[PDB]
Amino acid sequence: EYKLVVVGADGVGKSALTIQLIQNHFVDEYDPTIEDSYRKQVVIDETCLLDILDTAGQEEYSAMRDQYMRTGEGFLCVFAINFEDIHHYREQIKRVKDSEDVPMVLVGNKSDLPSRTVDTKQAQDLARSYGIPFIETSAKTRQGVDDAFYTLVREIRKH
C-alpha cells in the first residue's frame, strides 16, 4: 500500500487531479471545502493500493492537522500554471515529516490553460533545487495525471 497526499493552494485544482486518477471523470466546480480520501488498486511497473488524500480546508497548524499530514509518505505539491506559495507548502511538509528528502513531486496542473504566468523552465529549475521530479499535468485533458501519482510512488519506492 502507498499513501499519497495531494497538497496545494486554492483553486489550484487538487481535487480534480485525484478524481481524474480514480473516477476518471473531470469535475467542474468541485467543492473546495470538502476533504475526502480515496483508495485505488493500480498496476505500476506491481499491484498496489495507491490511496490519495485530497486536501482541503482552512490553514490549521494544530497538532492534529500536523499528524494527519505526517502520515502520508508521498506528497504531490500542486500549483496552477496561471505565485510562489509552493515553498511554504514544501517547507511545512518537510517540518511534519522531519526530513529534507521526503518523497515529493512538484506538479504544475491546469497545464491546458493558454495563459501561463509561470515559466516551465522556472518550475523545473525549482524542482531541480528541491531534488524532486516535476510532472506537467492537465486534469481536464486527463494528461499526466497518472504520471504524477505514479512517479510519486516510484519516489516512495526509492526512499
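Numbering starts at 1 and runs along the sequence shown.
Which class describes the count of deposited residues lacking coordinates between residue 45 and residue 46: none, 1 to 3, 4 to 9, or 10 or more?
Gap between residue 45 and residue 46: 1 to 3 residues without coordinates.
Tell me which of 127-135 and 66-74 has the higher mean C-alpha B-factor in the deposited entry.
Comparing averages over the C-alpha atoms only gives 127-135.
Could you check the entry and say whether 36-44 or 57-65 has the higher mean CA B-factor?
Between 57-65 and 36-44, it is 36-44 that shows the higher mean C-alpha B-factor.
Whose C-alpha has the highest temperature factor in the PDB entry: 52, 49, 118, 107?
Spelled out: the listed residue with the top C-alpha B-factor is 118.
Identify, among 16, 9, 145, 22, the residue whose C-alpha carries the highest B-factor in the deposited PDB entry.
Result of the comparison over 16, 9, 145, 22: 145.
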